[PDB]
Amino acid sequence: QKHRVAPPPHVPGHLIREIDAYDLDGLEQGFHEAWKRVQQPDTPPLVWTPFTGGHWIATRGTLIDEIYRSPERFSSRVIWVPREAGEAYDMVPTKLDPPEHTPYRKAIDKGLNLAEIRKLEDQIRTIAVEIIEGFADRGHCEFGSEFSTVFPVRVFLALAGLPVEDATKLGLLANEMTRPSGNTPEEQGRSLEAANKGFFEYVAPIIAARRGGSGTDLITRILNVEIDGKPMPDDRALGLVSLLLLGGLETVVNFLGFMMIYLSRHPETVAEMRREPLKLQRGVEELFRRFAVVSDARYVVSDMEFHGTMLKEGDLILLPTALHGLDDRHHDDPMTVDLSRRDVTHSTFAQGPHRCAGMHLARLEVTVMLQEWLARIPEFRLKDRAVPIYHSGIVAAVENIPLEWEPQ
């Protein structure tokens, strides 16, 4: 039974749509397919749902892109639905608008910029190869539990200088951040609050140990960047390091599952990558267009009319990033991966000042993964009659991906 709120006076009945971002209609056929059901030919650009506390949903790529690019009109002071969870959320610098955001993003970029990420290629490759060689001769694996949940976590924990044994603890907190438990906005607010506290408890001793530290790990490097000519304050550092863990543990893991389910059903596309290695390298961004996983929100700063829609200060707008990359008004045949597509524009990493700081790392992990996978498992398929299981939320998830091949 679903919790419902009544529409506020400024929301007209013709814009109401019953959409549950934490359990989308049609989700059993796929996360991306379920969001695409919302984006019908005559669907208004902004629709309002009475679920998850009541909130708007942007249904077209142009609005999603514009909202992300417009922090003065759409603030990050709340970026989660329901509102109770968004108010409890404390990660840095995602809760900040410019100019407070700027010095912290500069600090993060010191650790995650493209030049720094390029240095990581070979250690990423050795992690990938080690895992793949564990099952490549077997002729089958469960891709989720044997690879996609293992490879990016091992990469990030090594990069962050953290013990691999912490993977389970951190994954459980991350699950409750992005798909918080509860049948009620207040309940989900409390679940996110508890997970966010778990992250802060975990990172606080690490921060204390690495301030002024001599380590070369990502945390030491970012933590010791000065903010306004001074050491980063404790409150900001806790949210900053927690956000790095959240991005490192619950983004690429889920992206890889969706990507691999598609490739397993499209052997002609896999064969193109095999025959043309540059098409793989140049085609990775088209994968990011096609397999968005994040759906988060912004806070309407002022009463306004936006794309013909009356919004009130404090209204929340959910931005399902899949509805940019998969918008048929932006991309012809949007559900098809076309490695040669010239225009790959998407909001999978969002836009504007908060555009994903980890995107260089994400791109490199995916590129190295495909290169090492195809070198050892060049052909593969989804097990006959297998049914992946899908979850929707602020970050989408998929599990049960049994793959099969003839060992080479």
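From 1 onward, residues are counted along the sequence shown.
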Open item on the list: If you take the mean CA temperature factor per stretch, which one wins between 194 to 202 and 314 to 322?
Closed with: 194 to 202
Task: 273 to 281 set against 288 to 296, stretch whose average Cα temperature factor tops the other in the entry - done: 273 to 281
Task: Highest-ranked of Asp332, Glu186, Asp338, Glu121 once sorted by CA temperature factor in the record - done: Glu186
- [ ] Name the one of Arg210, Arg265, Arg125, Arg73 with the greatest CA B-factor according to the PDB entry.
- [x] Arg210
- [ ] Quick one: classify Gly26 as lowest, middle or highest third of the chain based on its Cα B-factor.
- [x] middle
Open item on the list: Where does the C-alpha B-factor of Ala167 rank in its chain, lowest, middle or highest third?
Closed with: highest
Task: Chain thirds of CA B-factor: placement of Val92 - done: middle
Task: Entry-reported Cα temperature factor of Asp384, expressed as the chain third it lands in - done: highest
Open item on the list: Please place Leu244 in the lowest, middle or highest third of its chain according to the CA B-factor in the PDB entry.
Closed with: middle
